[PDB]
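First the structure, in the form of structure tokens, and then the observations on it.
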Ligand SMILES: C[C@H]1CC[C@H](c2ccc3scnc3c2)N(C(=O)C(=O)Nc2cnc(N)c3cn[nH]c23)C1
Ligand SMILES: C[C@H]1CC[C@H](c2ccc3scnc3c2)N(C(=O)C(=O)Nc2cnc(N)c3cn[nH]c23)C1
Ligand SMILES: C[C@H]1CC[C@H](c2ccc3scnc3c2)N(C(=O)C(=O)Nc2cnc(N)c3cn[nH]c23)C1
Ligand SMILES: CSC[C@H]1O[C@@H](n2cnc3c(N)ncnc32)[C@H](O)[C@@H]1O
Ligand SMILES: CSC[C@H]1O[C@@H](n2cnc3c(N)ncnc32)[C@H](O)[C@@H]1O
Ligand SMILES: CSC[C@H]1O[C@@H](n2cnc3c(N)ncnc32)[C@H](O)[C@@H]1O
Ligand SMILES: [Cl-]
Ligand SMILES: [Cl-]
Ligand SMILES: [Cl-]
């Protein structure tokens, strides 16, 4: 049923766990979506609340409210699935092939009715999730769009980072909506983005060399940086805490939990493959669930 | 009939996908051999020990299918020229792994991207893979006609796109290729897959790829416009580019998803077939000439060698040339014999080099078209063709034609000639030693006698063709100079090349050469203005000839005789390609040298940089007297 | 379907004759290009100036017809080796003339007779013609199997035919050929047209032509017997010879007039087709093997190189070999585990060099055929084949098979093996370094463990094949020793060759090699009794192997495993052919040498004459460790 | 890969400055490792890895009795012809103090671990004699705090102009091989009639002992040489520096050349085609140190102002045997 390479793990505000997996080897290169109301039973397929098979692999996932699941597909498609009235099925609401290559990242904007997707076709697309159409198509980058991240509370602002060594702050209210920020010297390629949950104008980004950096948009200066990992930083997820922790994920197969000054507070080597996604529990704010390509779901308790 | 393929970065099941793309009409499929997102570790534990399988099985397709229908694609995360040493070494290992799996599958081609300026380590890994077991598989370097940086939307407020003209910068991607193929030492297994964007660059950026080994052209679905019925079409400039690529017999690769979702996908491909079935049709004889495109042949030497029967057959299968010869003879007969002497004056015509006698029949048709009397001598030193001449004479011609089996420089003529007629001309006019032959035959021409041709002139033009340069380079033979192939001309239907300057006259010969001291040696200096950035690989050679007055033959492209095809152009290569910047002048020197036994050409470039003097003392190429 | 031609010395009209011989069913026509009685003078007047035409025109046939259907014949009056100097020079000129007219026509072959011992000047003229313009046309030397002098009727009262046995004299015509081709330096464009008389010679005279480049066999109509219905047939010995020639895929030439005048002429040809449709049929797989006849390939090195997918596919397309392996594993499992322990004892089987896993499936079939439990390790260093192995393991095998991607000489086994199973054998048994690999794998074999194969032995046999010698000679490459091609073995389906002595064992290896100091180097001296006059060109190499007890594989011809074809024989050539007279002994020396990095073979002949030591220090051929 | 001849070792030994530097390095290391109070109790284990005819052995002895410290010497050498000289020396002069080992240092099972390993396995390009691999194979019998002399070495490259040397390389064409193979191999040569086009820059650096989890001696280096003259590039001169111990160094790099030392000539990496370089342009060179199980080789290419072919790909023209 479920494929080996776990790609995404997201906690719904009621504690349920959304898993997104792909088969990146073998005969069939497909993917699957799963909902576990018992998060400890994951990734066992037989004891899942819901599960469905997608036509292609899942490169990224995110919730759309409490019933929606937004999928970036290898097929170049952005898909919206939704749960049953009893949340026993996962049905395809739409599947739009507007990208010309693998859709690598998706992020739902603050309103919850619009989204932004990035892809290896170098393009970034703003979608209306109700009309199921592309509101905007921007070709601002010059290489594969590595990450897009909607601002937590501004429906017109988001972030993008690509292999063209550009970190772009986007405000769709401007004639030229993109603004290049970040290090004025050619730093290593940005690979992961995360807005700060409380400080509006602040975000962190992890690069291909293992460095996590804390940046202010107004000052556009690398306020701080730390060599957290030995390999590319693939994910950055803040905790729901009032003063939030920062979860950093890397292809060194390790999970790190840092503080406000990017100092190492917790470290886990439990995974034996790439650490793909991390999500903090909305019920136990010291419990952090990570998934990786070793088909392992790890629930860490964080001091 | 276009040969086309489908580019996909998402293959759930290889058999289903292959069947679908075949039903859509594609001849092959460009696909990844490992999952594009399946980034693999080769150094650092624990991910280094990721349990297999690392990709899908080779048993999923027959060996025939792997050999004919599948084009492997390099995984997009493999960056052998990354600034990070870890990523660099890991991408080296992964690129070797994927190339070796492609060779293990027997794939006919493998796609690798050139998406940045520096691909030195990529070239190193690919060159090491090429020299690991002799294979014939191709490597298609995916090179964009316009770099994405120069193609992005002007939507970055604090990083505007330059609106200023950058002539050489707009050609940057070509340099990306040119360096790469230079690092890989012009490997014949490395070709270009030119990717075409929605916005075409200036014409010089496109012409920068003339003469390059373009094996594929990649057409994204996003560049297609939409018509009334909703079918995908292309802009008129894109149609120009498609016609140019079709003249190169390239394979077209369709990439991207279906954005014309109302119609079937094959629509895209169908449009190309449409464009292929409505292209400007070629000449009727240009099909036998199509098979000769960029085919290198040693120049024929009808003086030193006896031509074969089918060579003469090819010479004769050209009605335009012999129509011109007949018209020239007709005009000359009307000019030499007035009407009142038409029954008293018998003109002596001598075909010098009669072959199987097409010029003899041309002379007869001209004589009874001009209503004049002629006496014909058909002189030919090739006794095998003399057999044909004498069978013709016994069966048809009769005593009107006297067949002479002798060299025209030795034959003691029983009488002097009113008109001598010959076609002793090669692709470079005098490269078959027509001057020497007609000089040896001049003494039995009357004091007012006419030679047809009366004049001929060779023409030279610098060309760019890395394809033809590599073809010449591949002509290395054992037991001779490793670079002798560069010091000899080749008769070749030049096809994939770029003419860098207008052809200019080289050597001119007139007949009869009534001059005290006849010297057929020549020294010529030519200055070719070049208004493009390019790479000189050699010089195309053509010729014009005045047979009589305004009756002429020409393979010079600007004045080419319409419908005449018995002469392909000639090619004088050079050992080393010479970079020529826009505005520079290519200065070439050409010698026609000789001794008692042989004639040869020597040539050298002297600007913008000097080349070696090619074929000194005829060490690599001579024309026997 | 026989390819056949008609030999005629009388062609009134070429088109009528060609149409007639085509209607009779012949594929081509051997005919004169000049009239056979049209003796021509080249020196002495007045006949030197005989008016043309000297022969008929080339316009009588299309160039296609000349290229495909016409075989030129030398005029019978041309005697380049005449004792008269006038006739000698005139025949030189005439032979050059006729050969040049044949080349002018583009004829695919030209017939020249060898009807006497001395053809030195004929060879000189032909060799000069061959080195005048590169052509691919063939020259068929018409050589009689029995000279006419030894074939005449004993009807000369004062000159009786010798009734005394002349072993070497009866082979004289072969010498006629052997000298000629030696004078012409083994030109690939010179082949044999063997003419067969009414009385066949002894079997050794016929076998003298084994391994010779026989392109045609000439059958006079006079040698055909007559049956009841009046149809022409052949004697049973002639049928033997026809079958032997059909195995060589020769073209049959019918010469002479119709002496069975009641029937049509095609009758003759039809008989041959009859003989061809009732020949002993070959093996079903011998069609893919027919295309490999005498095709030289470099020996595969599965250790140094990673084999391609289709190479493994060829390895697996052999059910007899894997049936033998399965039977060996079955017997070993029954011998190692008694019935009472069949459910308690799990045998550890390790496939060392699993490829895509045919030995793994063989082990599984043997285990559940022997009703015994096994635990399988599939060890393979080729990661491309490891992909196939691991897809097999995930999809079908399961945890019963553990796939190891490692060199068996490095792999730290988690447990010791009851049985190790491999097919690391080449055409010469150990030429793929199976001894070294199985030595490196010996430490994780149990103290009483079994190796399958348990033993293997190579075999050598001197052979005569001027065809294969010339094929090796043609393998000269630039940038290396001009004779390196002779100092390396070739895997080849030996076809047109003559085995000169019975194969004898060369090198033998046993596994496990429980010995204090293991030394896989070898020195072997072999004495081959030869009972025929012949020419040594190399040594065929085969192998036998004991997999387990009486379960064996063999490509040794005397003990060849029926229906097994995954191994062609090997060929070790020598630089210079060595004449071997009947009764002499061919003494060969063979070394198996090695250092830390490579293993190679050296070989030398020491009797009846010494050769150079071939491949010294592995300068031309090594096998990588 | 080869066993050096007797006169080659004789040339190696005819250099008193080099062995004076080696002796001073060993002397400083012995004084640093053994305090004065332990000078009679502590016997240091010194191992000459690649002893040749034993000049480093005599240097170690002179350093030991110059530092007033006790040493136990192992003279390791795989060349048995030089082992003859070593063992005649040992029987006639050295005695039981020196133990001669006739073995490859990558195979030899040492009876004890070494305080100091001493070698001169360096070529004109530092590591072109595979000193990294040899000293890696010998690292396991070095003590956890053991010292390697040399402790470090670094190669240096400099673009040069020499049509004379270019023509000399071109004349080295041999039959039965690639007509341009002579351009894809380095040459040891006392560079004389040449023009150095830019200051030498470091290429490859190796440290010993290489206490690192995954040792990888392969290298990829990109060098940018500013050229302030009109000239024609024909190749790259190669030199080396080495830190034997602390401030005791050897160098054939011209700017820091060890005065009076001459046992190393510079090396020359040619290129197939000369490259015109105008004043103000930058010569960009790429150098690789590649290897497999059997051989190590160098690949190099110019990428600016114009690209050259990648020279010696896959070691087709030049390899260094392991
Ligand atoms: C049409 C193509 C095929 C025939 C011929 C060619 C070239 C090289 C080789 S090498 C083996 N065969 C060939 C054949 N081609 C020529 O261009 C050519 O040589 N033309 C002529 C040369 N000289 C003349 N006196 C005449 C008169 N009419 N045409 C002439 C190319
Ligand atoms: C059948 C013919 C075609 C495949 C193969 C061959 C030879 C040379 C070249 S060169 C490029 N391709 C090839 C292919 N032939 C062999 O005789 C052969 O090598 N057999 C084997 C060698 N080694 C083994 N371990 C096994 C196991 N089973 N059979 C094996 C001839
Ligand atoms: C001085 C000149 C003559 C000897 C030698 C040389 C070079 C090439 C060939 S080819 C045939 N003979 C030779 C001889 N030259 C070297 O520069 C040299 O190789 N030095 C050294 C290399 N490696 C070492 N481990 C040491 C230690 N001390 N000096 C070393 C040039
Ligand atoms: C029609 S191609 C030129 C012809 O002229 C013939 N030819 C060339 N040179 C001479 C010569 N010197 N004398 C006579 N025929 C010649 C050639 O054999 C060929 O048939
Ligand atoms: C079935 S042909 C022989 C097979 O054994 C494999 N092989 C050869 N030598 C070794 C070795 N030393 N270790 C592992 N596999 C090997 C080859 O890669 C091939 O698949
Ligand atoms: C003094 S020049 C370098 C010396 O070290 C020796 N040498 C090089 N490599 C090794 C090795 N791996 N083991 C032992 N001696 C070596 C050489 O034979 C030479 O005498
Ligand atoms: Cl389901
Ligand atoms: Cl050619
Ligand atoms: Cl071969």
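One-based numbering along the chain as shown.
The header says X-ray crystallography, 2.4 Å.
Yeah, the Cβs are placed from backbone N, Cα and C, and that goes for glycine too.
Under the heading region 'TIM barrel', Swiss-Prot lists C:1-280.
Summarising the annotation, Swiss-Prot assigns domain 'SAM-dependent MTase PRMT-type' to C:296-603.
Taken from Swiss-Prot, the feature S-adenosyl-L-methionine binding site covers C:312, C:321, C:322, C:380, C:407, C:408. Residues within less than 8 Å, Cβ to Cβ, of residue C:380 (S-adenosyl-L-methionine binding site) and separated from it by at least 6 positions along the same chain comprise C:353, C:354, C:355, C:386, C:389, C:403, C:404, C:405.
The annotation site 'Critical for specifying symmetric addition of methyl groups' is assigned in Swiss-Prot to C:315 on the grounds of similarity to another entry. In the three-state DSSP scheme, residue C:315 (site 'Critical for specifying symmetric addition of methyl groups') falls into the helix class.
Taking the Cβ of residue C:432 (protein binding site) as reference, residues of its chain lying under 8 Å away and at least six apart in sequence are, in sequence order, C:299, C:300, C:301, C:302, C:303, C:424, C:425, C:426, C:623. Summarising the annotation, Swiss-Prot assigns protein binding site to C:315, C:423, C:432.
What Swiss-Prot records for C:423 (among others) is active site, proton donor/acceptor, and it gives a curator's inference as the kind of evidence. On its own chain, residue C:423 (protein binding site) has C:315, C:321, C:325, C:353, C:359 as residues at least 6 apart in sequence with a Cβ closer than 8 Å to its own Cβ. DSSP assigns residue C:423 (protein binding site) to coil in the three-state reduction, placing it in neither a helix nor a strand.
Look at Swiss-Prot and you will find C:432 (among others) tagged as active site, proton donor/acceptor, backed by a curator's inference. In this structure, residue C:432 (protein binding site) is part of a helix by DSSP.
For C:453-625, the entry in Swiss-Prot reads region 'Beta barrel', with the evidence type experimental evidence.
Sorting each residue of the region 'Dimerization' (C:476-482) by its DSSP state yields 0 helix, 0 strand, 7 coil. Summarising the annotation, Swiss-Prot assigns region 'Dimerization' to C:476-482.
Take the CB of residue C:408 (S-adenosyl-L-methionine binding site) and look out to 10 A: across all protein chains shown you find 26 other CB atoms. With a cut-off of 8 Å between CB atoms and residues at least 6 apart in sequence, the same chain places C:316, C:358, C:359, C:361, C:362 near residue C:322 (S-adenosyl-L-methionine binding site), listed in sequence order. The Cβ of residue C:312 (S-adenosyl-L-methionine binding site) lies under 8 Å from the Cβ of C:355, C:356, C:385, C:388, each on the same chain and at least six residues away in sequence.
Counting every protein chain shown, the Cβ of residue C:321 (S-adenosyl-L-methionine binding site) has 23 other Cβ atoms within 10 Å. Other than C:315, C:423, C:432, the residues of this chain whose Cβ falls within 8 Å of the Cβ centroid of the protein site are, in sequence order, C:302, C:353, C:355, C:424, C:425, C:426, C:566. Taking the Cβ of residue C:315 (site 'Critical for specifying symmetric addition of methyl groups') as centre and 10 Å as the limit, one finds 19 other Cβ atoms among all the protein chains shown.
Sequence-distant contacts (6 or more apart, same chain, Cβ under 8 Å) of residue C:407 (S-adenosyl-L-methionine binding site) comprise C:381, C:440. Residue C:321 (S-adenosyl-L-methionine binding site) falls within a helical segment according to DSSP. The secondary structure of residue C:407 (S-adenosyl-L-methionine binding site), as reduced to three states from DSSP, is coil rather than helix or strand. By the rule that a residue counts when its Cβ sits under 6 Å from some atom of ligand 2, the recorded positions C:312, C:315, C:407, C:408 yield C:315.
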